[PDB]
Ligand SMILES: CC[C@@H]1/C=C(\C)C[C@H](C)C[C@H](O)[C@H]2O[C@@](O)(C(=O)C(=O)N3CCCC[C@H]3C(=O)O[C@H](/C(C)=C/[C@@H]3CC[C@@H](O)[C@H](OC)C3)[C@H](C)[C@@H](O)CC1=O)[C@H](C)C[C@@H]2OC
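This document opens with one chain alone, in structure tokens, the form solved without the ligand.
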């Protein structure tokens, strides 16, 4: 499958990321079983990426683009939109569906 976006808390419902803008997010990354493997909240530093530059997994590029500024959403991402058959050695297993808790804090 692709990316499913479930709202946790609404944003402004009007400001959506456009290609080339920098998205500033807090995120927690979990395997489908619930195990956390990455979180910007545990580092207390928001994560920044530029949309459309493929600095993040495809699921983020298509999922975050569906979020409005200030929204918190749950992204469920199939492995083809994620780390695929290879996974990531010792962090993400092969063919892993990933769940992300993402808050879009602002655009730059």
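Residue numbers count along the first chain shown, from 1.
Just so you know, the form deposited with the ligand bound exists too; it's not on screen, but the next bit is about it.
Participant: Decide yes or no: are 5, 16 and 62 jointly within 4.5 Å of the ligand in the entry with it bound, with each residue judged by its heavy atoms?
Facilitator: Not a single listed residue reaches the ligand in the entry with it bound, so no.
Participant: Can you tell me if residue 55 lies within 4.5 angstroms of the ligand in the entry with it bound, counting non-hydrogen atoms only?
Facilitator: Judged by the heavy-atom cut-off of 4.5 Å, residue 55 is in contact with the ligand in the entry with it bound.
Participant: Test of understanding: in the entry with it bound, would residue 73 fall inside 4.5 Å of the ligand by heavy atoms?
Facilitator: Taking the distances in the entry with it bound, the answer for residue 73 is no, it never comes within 4.5 Å of the ligand.
Participant: Would you classify residue 24 as touching the ligand in the entry with it bound, given a 4.5 Å non-hydrogen atom cut-off?
Facilitator: Answer no; every heavy atom of residue 24 is more than 4.5 Å from the ligand in the entry with it bound.
Participant: Determine whether any heavy atom of residue 67 comes within 4.5 Å of a heavy atom of the ligand in the entry with it bound, and answer yes or no.
Facilitator: No - in the entry with it bound, heavy atoms of residue 67 and the ligand never come within 4.5 Å of each other.
Participant: In the entry with it bound, which residues of 89-108 put a heavy atom within 4.5 Å of the ligand?
Facilitator: Contacts from 89-108: 91, 92, 100.
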